[PDB]
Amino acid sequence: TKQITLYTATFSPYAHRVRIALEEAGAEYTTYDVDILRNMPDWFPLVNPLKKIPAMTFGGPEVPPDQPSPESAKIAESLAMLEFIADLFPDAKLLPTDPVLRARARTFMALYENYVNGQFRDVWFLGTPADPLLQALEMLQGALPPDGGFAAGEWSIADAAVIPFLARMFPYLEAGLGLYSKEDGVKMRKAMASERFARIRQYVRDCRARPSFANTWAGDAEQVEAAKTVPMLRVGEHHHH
């Protein structure tokens, strides 16, 4: 019955991970928006000294989110939060019970974190070449079960970890958001619509169809608008190679 408060921002795929998991858990929780990139509140380092979103408080006396209590546990890092929610709500089966299937989930999260996430960041924020991102996405696609289903078969926190980024890619590309070149925008849009990426399109549709996604997504147009507020997405700048 200990309280959960998630500090969030609409643009953030990392916060989105945790909202998805909390929905799948059936948890009671509070969200509180934080303008982390333009106007961080003076109290925010009390809930996350790293000064990043998401931040989570757990337990302690019930207080307004902008008056955080010293008594609540302060939990940082979205993948730690995903495992925490699985630990708190074992009856929700947010991970498999079989160790090998659980490892498929953990491996999928590590493949995304270690080989895809940095490519999304670099292509979008630095305009680095798109081909290494497409290669890493093909690798990640290859880890999915071939016939359908989610990363570990049944839905798990591995799918909460990955869908926020994949689901943003398609509308961001269509809206021309990102510092990559025109040439690489075309390349990416064609690749992601090609037979090469049919399996990951099915995966994105299957994850997006769940209520946990519908109830935590502002809508494509609204997410695009939130992304336009991000200082690092400098409108009118592109990098070419």
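Sequential numbering from 1, following the sequence displayed.
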| property | result |
| --- | --- |
| Of 85 to 93 and 112 to 120, the one with larger mean CA B-factor | 85 to 93 |
| 160 to 168 versus 142 to 150 - which carries the larger mean C-alpha B factor in the record | 142 to 150 |
| C-alpha B-factor winner, where the candidates are 202, 57, 39, 212 | 39 |
| Third of the chain, ranked by Cα B-factor, where residue 182 sits | highest |
| B-factor third for the C-alpha atom of residue 6 within its chain | lowest |
| Residue 50, C-alpha B-factor rank within chain (lowest, middle or highest third) | highest |
| Residue 193 - Cα temperature factor, lowest/middle/highest third of chain | highest |
| Third of the chain's Cα B-factor distribution that residue 25 belongs to, per the entry | middle |
